[PDB]
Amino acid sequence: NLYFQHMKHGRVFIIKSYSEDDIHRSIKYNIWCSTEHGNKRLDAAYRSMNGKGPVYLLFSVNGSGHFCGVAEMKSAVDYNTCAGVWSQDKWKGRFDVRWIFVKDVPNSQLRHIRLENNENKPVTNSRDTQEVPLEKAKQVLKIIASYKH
């Protein structure tokens, strides 16, 4: 499997959700919204990528012990949208996503991948919109895709 070799235009972020309901809504309607500073990071990455490669999102519910799937950013952030569509009313705005994997991957499968841009911490100890260096992101995606147990 060498699909990901020679991929240079791609950026990958961790998405954390306190709410399982928000995960289910995102899957159903292919939309997401982050914090203000999270939206700004994702919007900048999406817009500067300019359709040259994907912005992937690695989703995990806080405290759950596993990742729950992978989606791709499919639009810029619209900051002025209906309020209160998520579990909490904190989030302002909306962007499109396309879910790629919906599958539980235990943190045990991924905790040995460490992020040089986050103090060598395990990728499983990231906060919302932590960016993942491309070479580590490829390793995470291969583990998520190949997981079956």
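If you superpose the two forms and keep the largest set of C-alpha atoms that fall within 1.5 Å, you have the rigid core. One-based numbering along the sequence shown.
Colleague: Once the rigid core is matched, which of the two stretches, 81-89 or 40-48, lies farther off on average in 9 other deposited structures of this protein by C-alpha?
Modeller: Relative to the shown form, the greater RMS C-alpha distance in 9 other deposited structures of this protein belongs to 81-89.
Colleague: Quick one: say whether 116-124 or 44-52 has the higher mean Cα B-factor in the deposited entry.
Modeller: Per the deposited B-factors, the answer is 44-52.
Colleague: Taking the recorded C-alpha temperature factors, which stretch has the higher mean, 136-144 or 16-24?
Modeller: Comparing 136-144 with 16-24, the higher average CA B-factor belongs to 136-144.
Colleague: Going by the deposited entry, which of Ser60, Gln109, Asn30, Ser34 has the highest CA temperature factor?
Modeller: By C-alpha B-factor in the record, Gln109 ranks first.
Colleague: When the modelled residues of the chain are sorted by Cα temperature factor, does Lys103 land in the lowest, middle or highest third?
Modeller: CA B-factor rank for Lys103: highest third.
Colleague: Split the chain's modelled residues into thirds by Cα B-factor; is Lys92 in the lowest, middle or highest one?
Modeller: Middle third, going by the recorded CA B-factors of the chain.
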